[PDB]
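Enquirer: Just need the structure, nothing else, for what follows:
(chains A, B, C and D)
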Amino acid sequence: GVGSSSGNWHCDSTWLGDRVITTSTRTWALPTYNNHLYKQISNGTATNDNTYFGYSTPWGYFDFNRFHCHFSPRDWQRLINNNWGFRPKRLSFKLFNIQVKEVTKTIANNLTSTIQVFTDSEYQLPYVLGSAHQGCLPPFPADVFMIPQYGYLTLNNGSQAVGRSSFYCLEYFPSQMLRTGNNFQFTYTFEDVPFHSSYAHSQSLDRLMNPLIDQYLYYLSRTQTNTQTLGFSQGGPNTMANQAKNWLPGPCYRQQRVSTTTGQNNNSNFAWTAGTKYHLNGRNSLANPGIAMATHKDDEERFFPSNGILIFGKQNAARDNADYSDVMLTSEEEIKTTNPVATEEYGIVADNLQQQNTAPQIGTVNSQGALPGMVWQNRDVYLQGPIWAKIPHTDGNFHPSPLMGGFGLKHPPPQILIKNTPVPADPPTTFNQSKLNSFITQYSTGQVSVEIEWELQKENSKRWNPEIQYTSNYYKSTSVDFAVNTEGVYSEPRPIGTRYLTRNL
Amino acid sequence: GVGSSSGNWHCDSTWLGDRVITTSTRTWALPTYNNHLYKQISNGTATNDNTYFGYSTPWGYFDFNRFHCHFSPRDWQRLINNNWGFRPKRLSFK
Amino acid sequence: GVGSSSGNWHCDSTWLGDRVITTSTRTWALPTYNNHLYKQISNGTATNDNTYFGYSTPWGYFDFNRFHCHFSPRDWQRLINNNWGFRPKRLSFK
Amino acid sequence: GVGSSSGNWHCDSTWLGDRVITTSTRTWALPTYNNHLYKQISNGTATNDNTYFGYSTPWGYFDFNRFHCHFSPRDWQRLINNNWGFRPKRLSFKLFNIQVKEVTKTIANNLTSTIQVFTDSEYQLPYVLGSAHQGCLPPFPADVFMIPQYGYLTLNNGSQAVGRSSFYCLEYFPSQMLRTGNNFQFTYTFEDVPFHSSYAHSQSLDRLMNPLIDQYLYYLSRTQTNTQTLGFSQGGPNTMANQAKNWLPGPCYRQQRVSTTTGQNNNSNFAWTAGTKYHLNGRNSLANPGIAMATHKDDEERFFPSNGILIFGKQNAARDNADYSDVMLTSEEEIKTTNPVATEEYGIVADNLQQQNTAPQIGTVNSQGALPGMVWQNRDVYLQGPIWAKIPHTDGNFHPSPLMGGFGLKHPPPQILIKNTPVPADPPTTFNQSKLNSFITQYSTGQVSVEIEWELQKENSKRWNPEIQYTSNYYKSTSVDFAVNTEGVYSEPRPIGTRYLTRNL
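Expert: Residues are numbered from 1 along each chain as shown, chains lettered A, B, ... in the order given. Okay, here it is:
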């Protein structure tokens, strides 16, 4: 009905046992995108690394692939201070209280206009969620947000398409059409995904041994008396670097080190030239943030990999060339215990065969793929960070955990595509075969509810001393952190990670 | 009802055994034709080969008598690359 | 029996739903290999990269580990133009 | 078993009511064709009219698509002198007493060798039966015949193939393999086909009226008194050509007239240049024998259409340039009553609009397609002639009766393909990937039985005077017609048609 609400506001979080159910409602506004048209979009030689061919669609899409879309900062604190892990279990999504409005400036209700909503439940469309794009549900529930426009990329050769390039018409899908009295809803069940490691290791991989007992294994301790010899010693509490060990640190893809103290950096523009990159079809792309490696070693917080960390912008940070004070650098220092430092070499290997005439030579391993016995931690998730990514449908993957963090899903939450149904203006009174291009200017607004049930891994720890916990600062300040200022602007002052509790290795 | 949709968007093609079911939805616009009038229309001697007598009506009509109204180019490729023949069986219109 | 066939020629491909059953028959000829002997075979330093030690046996073996042993080119076209994937399920050998 | 017969000799004809069951057994010999190879065969510019692209296969095939394969001359006489029509109903086919022989010259039994037999029951192979080819079962049961080699043609552009050209491997079919103790058999049911008209009409199409009564309809009898006028007369017994009539003679595709008295023919080589032809894809082919038309009119037996009749060769007639005395011309004069004469025009049509200043002009119709009210007879079948043809699988056909006579079948008796299974000679003792080309020289022989049940249309005639019947000549002769001569050669002295009884129109 026109005069009856099609749904209620549901913003809440219920903690019950090993589950937390976050539900969040937001008010959205969907404009008409592309003037109801599908437009081919391209970029040519811009450098070759940035070329693309794709399509802009008249469809919007709903994104809730950030943790702050579901967790309030206090709820995030509850989660990270008390749980060793968490994972999504199921979600329910609702569209309701839809209002389609005609603008001629006067804005009027168009009671008979529709919106079209469908979920790509078969994953037949290019999945553009999981690319850390803007347009997600705002962290602050009172915030009204604009629905982002759906577009996708296909195969390109410069600015040109190839024969394998795919064009998708989203109208070629079954869509529910909704008038102002209608509502849309669907439920989704997450696949069995591993718990995110919401903990930092309280032991280092090279310090898993008893510090009081010698090893019964020997290591080559000396090769020279001086003349050649072979001296063997037992690894013990003092020669702990020489001890036989069962495991290796995780893989390494070395990144350039950048200091937040700019005077310590090289006086050159090396963000791209020295950037750590991968090469794909003659195109260079940053390995950003790349594989999960420790941001820095001990007492080197000022250092970060050049493109090896998630960088969030503070409120009102510039899109381009934001200063360091306008951005929020994350740090994966919690995984120092298992993952190699992002800006350091993995290790040292022999580069030759030493003889009595040739001294042994060593090679510095700046990139190390998977080795047996290697263990590693994934990148941390953040309150502002992504939740899930679609695992690409390929023959093979290795540890398909998304590199910007979160849960890798073969069948992620489906894309929810929404569009204002075009309403033609008055057509001519004589028939014209040409497609109509005169449309009533129109936009829709409504409420969107997303409810996610998360399973929790409770910490079962015998640690005696108190743990590190995320806490708000006790000292006075002009404004409350994670609140609005005097102008009503909600801001997130820092990126809240997830690893505060500790586990043994 | 004014505020309730009377139907959903159904564009799809389902291939099942020896059948393919194409469904296509379009948005149409119908003007007022002829100012609601029936008009006699004619053409005289124009050559005699092109003469006609008929009527223009205030009515529109729905035409879906082209294959691309129902088959996407990919669906057409699926049909023509794999089948020796095809024929329509039934239609539903909304 | 000497005068009775022990099997029929079965070259065919049946496409049924999500399965394709390829059957192929060939005429083979098996000689006597190695004069019924097992022979040690070797290769020495030829470079070291190509050295080997092994045995030649008087046995033959049946190989059908190529796709064209089972798919005609037209069947291969049917498979690759219409399917996102395929995998063997079972085989029978005669 | 090696020492047990796999079937008996069954040559017989049983007449029972409205059915006749012909069964015929023959001894066949199948060589190895093509040295077990499939060979591409072509012919280029030979004229363009004779170009082809195709394949020769190592397979033989069984043909029994001639009436004398099933009917003895006496049985044919029984059929044609007493029945208004007949049609095949079902057939059973048998291969048995197979002997595969090795030739090294000494010929020995190869008891373990096989032949491969299969029927193209799905009509997936090019159907080469119904092209009036040699290699059918011999008319004389004592005659041992060689199995013809199977080959087919596909699309050609000169001697070249096109992308649409089809290659068929007959080994790609399931075949029954038969050793000397095995037999092969299958049954086939003919589709509902019209009875062949085993009768000639005793009335002419233009003489269906009562010769004693005038018509009540008038015809324009005079246009001139002299001055213009309009005089109308009633068609009657004397103005029988002017009478209103309900039907038209069958369609016409005029053929050139040739006299068996060669002195009456033009002194030129016009068999091809004046031949009646159709044009297909830039290729000219004789319309041979073309549509069923009367061979000649009354008292013109010496005349025949140049390529409009079936011509059978007498025994030992030359393949090329056989004299008229060595061939047997058929005659379709029985269909004069309904079909136009093959060498005459269909009729006369107006070519202009007559006025007081322009005299009326007439056009001679030398080719007339189907008109409403047209009736016609098909070509007669002959004891030596074909029985059936496969109706080509097309969107449209008009009166799909085969032009050389017989029954048009959408699903004719399937091709029966037979091949000696290749038996390799001794392979080398070291492996060679190349296909084996050294084979034991081999041929097979056996017996083939084909049983066809024919349905008969009994004549139900009130004709008072005796009918025309096919009869042997009473007068003495050196040899019996349709018998062997002193050398054991069976000969068919004349083509026996089928139309001896009469029906009214």
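
Enquirer: CA atoms for contacts and neighbours, from now on please.
Expert: Will do.

Enquirer: Does the nearest residue in space to residue A:224 that is not next to it in sequence lie in a helix or a strand, and which?
Expert: Closest residue in space to residue A:224, ignoring its immediate chain neighbours: residue A:230 at 7.1 Å, by C-alpha to C-alpha, 6 or more residues apart in numbering or on different chains. Residue A:230 is part of strand A:228-234, with elements assigned from DSSP states H and E.

Enquirer: other SSEs contacting that strand?
Expert: strand A:218-224 (3 or more C-alpha pairs under 8 Å, 6 or more residues apart in numbering or on different chains; DSSP states H and E).

Enquirer: number of nearby residues for the closest residue to residue A:149 other than its chain neighbours?
Expert: In this structure, residue A:149 finds its nearest non-sequential neighbour in residue A:60, 4.3 Å apart by C-alpha to C-alpha, 6+ apart. Applying other C-alpha atoms under 10 Å in any protein chain shown, we find 24 residues neighbouring residue A:60.

Enquirer: What helix or strand is the closest residue to residue A:211 other than its chain neighbours located in?
Expert: Leaving aside its sequence neighbours, residue A:211 sits nearest to residue A:237 (C-alpha to C-alpha, 6+ apart; 4.9 Å). For residue A:237, there is no enclosing helix or strand under DSSP H and E.

Enquirer: before we move on, the earlier item: go ahead and confirm the residue nearest to residue A:149 touches residue A:147.
Expert: Yes: using C-alpha atoms under 8 Å as the test, residue A:60 is close enough to residue A:147 to be in contact (5.8 Å).

Enquirer: what touches both of these two?
Expert: residue A:30 (C-alpha atoms under 8 Å, 6 or more residues apart in numbering or on different chains).

Enquirer: Nearest residue to residue A:497 in space, please, no chain neighbours.
Expert: residue A:382 (4.6 Å).

Enquirer: got it, and residue A:330?
Expert: residue A:310 (5.6 Å).

Enquirer: Could you do residue A:231 as well?
Expert: Closest to residue A:231 by C-alpha to C-alpha, 6+ apart is residue A:222, at 4.8 Å.

Enquirer: Can you give me every residue that contacts the one you found?
Expert: With C-alpha under 8 Å, 6+ apart, residue A:222 has these contacts: A:229, A:230, A:231, A:232.

Enquirer: give me that answer again for 7 Å
Expert: Contacts for residue A:222 were tallied using C-alpha atoms under 7 Å, 6 or more residues apart in numbering or on different chains; they are A:230, A:231, A:232.

Enquirer: want to throw these into TSV with distance to residue D:296 and neighbour count?
Expert: Output for the contacts of residue A:222, formatted as TSV (distance: C-alpha to C-alpha, whole Å; neighbours: other C-alpha atoms under 10 Å in any protein chain shown):
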residue	distance to residue D:296	neighbour count
A:230	120	10
A:231	121	13
A:232	120	13
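
Enquirer: quick one: which of these is nearest chain B?
Expert: When the contacts of residue A:222 are compared for distance to chain B (C-alpha to the nearest C-alpha), residue A:232 wins out at 71.6 Å.

Enquirer: The closest one pairs with what?
Expert: residue A:220 (DSSP bridges).

Enquirer: now do residue A:363
Expert: residue A:349.

Enquirer: Just give the number of residues close to it.
Expert: 11.

Enquirer: Likewise for residue A:142?
Expert: Neighbour tally, residue A:142, other C-alpha under 10 Å: 12.

Enquirer: try residue A:457
Expert: Neighbours of residue A:457 (other C-alpha under 10 Å): 19.

Enquirer: OK, contacts around it?
Expert: Counted by C-alpha under 7 Å, 6+ apart, residue A:457 has contacts A:18, A:83, A:84, A:85, A:86.

Enquirer: rerun at 10 Å
Expert: By C-alpha atoms under 10 Å, 6 or more residues apart in numbering or on different chains, the contact list for residue A:457 reads A:18-19, A:79, A:82-87, A:195-198.

Enquirer: Show the backbone phi and psi for the nearest residue to residue A:428 once chain neighbours are set aside.
Expert: Leaving out its chain neighbours, the residue that sits closest to residue A:428 by C-alpha to C-alpha, 6+ apart is residue B:31, at 6.7 Å. Reported as degrees, to the nearest 10, the phi and psi values for residue B:31 are phi -80, psi 170.

Enquirer: ok, what's across the strand from residue A:447?
Expert: residue A:27, residue A:96.

Enquirer: quick revisit: ok, the residue nearest to residue A:224 - contacts?
Expert: By C-alpha under 10 Å, 6+ apart, the neighbours of residue A:230 are A:220, A:221, A:222, A:223, A:224.

Enquirer: Closest to chain B out of those?
Expert: Nearest to chain B among these, with distances taken as C-alpha to the nearest C-alpha, is residue A:220, at 67.6 Å.

Enquirer: didn't that closest one look like it was pressed against residue A:231?
Expert: Yes: under the criterion of C-alpha atoms under 10 Å, residue A:220 makes contact with residue A:231 at 6.0 Å.

Enquirer: Tell me which residue of chain A lies closest to chain C.
Expert: Counting by C-alpha to the nearest C-alpha, chain A gets nearest to chain C through residue A:395 (10.7 Å).

Enquirer: Can you name the residues that contact the residue of the stretch 1-150 of chain A found nearest chain B?
Expert: Closest to chain B within the stretch 1-150 of chain A is residue A:2: 4.8 Å, counting by C-alpha to the nearest C-alpha. Residues near residue A:2 by C-alpha under 10 Å, 6+ apart: A:97-99, A:111-112, A:179-182, B:1-4.

Enquirer: Residue A:156 reaches residue A:282, doesn't it?
Expert: No: with contact defined as C-alpha under 10 Å, residue A:156 does not reach residue A:282; the gap is 11.9 Å.

Enquirer: Who has more neighbours out of the two?
Expert: Neighbours were counted for residue A:156 and for residue A:282 using other C-alpha under 10 Å; residue A:156 has more, 19 against 9.

Enquirer: thinking again about what came up before, tilt between the strand holding residue A:230 and strand A:218-224?
Expert: Interaxial angle of strand A:228-234 relative to strand A:218-224 (axes from the mean of the first three to the mean of the last three C-alpha atoms, to 10 degrees): 150 degrees.
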